[PDB]
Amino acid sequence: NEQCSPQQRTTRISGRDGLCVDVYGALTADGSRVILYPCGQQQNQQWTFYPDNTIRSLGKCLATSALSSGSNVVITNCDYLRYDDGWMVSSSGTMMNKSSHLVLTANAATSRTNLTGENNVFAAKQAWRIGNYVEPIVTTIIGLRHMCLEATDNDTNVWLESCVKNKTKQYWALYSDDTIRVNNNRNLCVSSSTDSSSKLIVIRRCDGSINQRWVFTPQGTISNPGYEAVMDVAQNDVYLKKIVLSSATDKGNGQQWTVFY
């Protein structure tokens, strides 16, 4: 089956705030930098993947420019990277230089922001969707007792309520940066607690942090990989109106979730 060994594929890479990985001005010189930029059909947002672990736009290779954190990711001649292992993408969308362990990162959300190779901390600003379809995915999120997450208290809290199809606040926009956004106000992100004395999951202004990065795992959990923990119904009791961050256990059903889209 030659289908099992695809020779290449051309796609986009979208990340923070739904913006795209873009070679600035489509410049083709060795070391021409990659940036955040609104998604479109332009050649310099087109990334071709290969079995050799190279990611290419404009015939050249996505790369780091430095062994230490803080420097731009660029495109360079692919011949230069002839003896390097290249990129590895984790199943959560972390794009990592195999050798240096540095990861594709967006230190700000605005258009034209320089992408840099940074130390991995599982922030949302380090989370990428590799894929031609770059739009947020609108969904309901179904948990315990078949109830829906609802955004509450003027979009400041979140908990389970009986699912209602019309209901605006039960709709969630799943961004390419692994954020879970209030559909109706996409500046607002579902966030793990910032007060250490609480585990309460809440809604806050999107900021690219570890607290706002979520992963829908094949095993039915909603994971925050940075905090090695998962979204959970407090005490397996939906009537407590509280969703917390917990270690992954099989003791109840409160760590099980479904996406309905």
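The first residue of the shown sequence is 1; numbering continues from there. Here, rigid core means the biggest group of C-alpha atoms that superpose within 1.5 Å across both forms.
After a core fit, the C-alpha atoms in 8 other deposited structures of this protein lie farther on average from the shown form in one of 108 to 116 and 84 to 92, namely 108 to 116.
Averaged over Cα atoms, the B-factor as recorded in the entry is higher for 87 to 95 than for the other of 87 to 95 and 126 to 134. When the mean C-alpha temperature factors of 27 to 35 and 205 to 213 are read from the deposited coordinates, 27 to 35 comes out higher. Take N183, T179, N157, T76 and read off each C-alpha B-factor from the entry; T76 has the highest.
Comparing the listed residues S223, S193, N44, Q235, the entry records the largest Cα B-factor for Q235. Annotation for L245: CA B-factor lies in the lowest third of the chain's modelled residues. In the deposited entry, the Cα temperature factor of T10 sits in the middle third of values across the chain's modelled residues. Among the modelled residues of its chain, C163 has a C-alpha B-factor that falls in the middle third according to the deposited record.
Sort the modelled residues of the chain by CA B factor and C148 lands in the middle third. Sort the chain's modelled residues by C-alpha temperature factor and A173 lands in the lowest third, per the entry.
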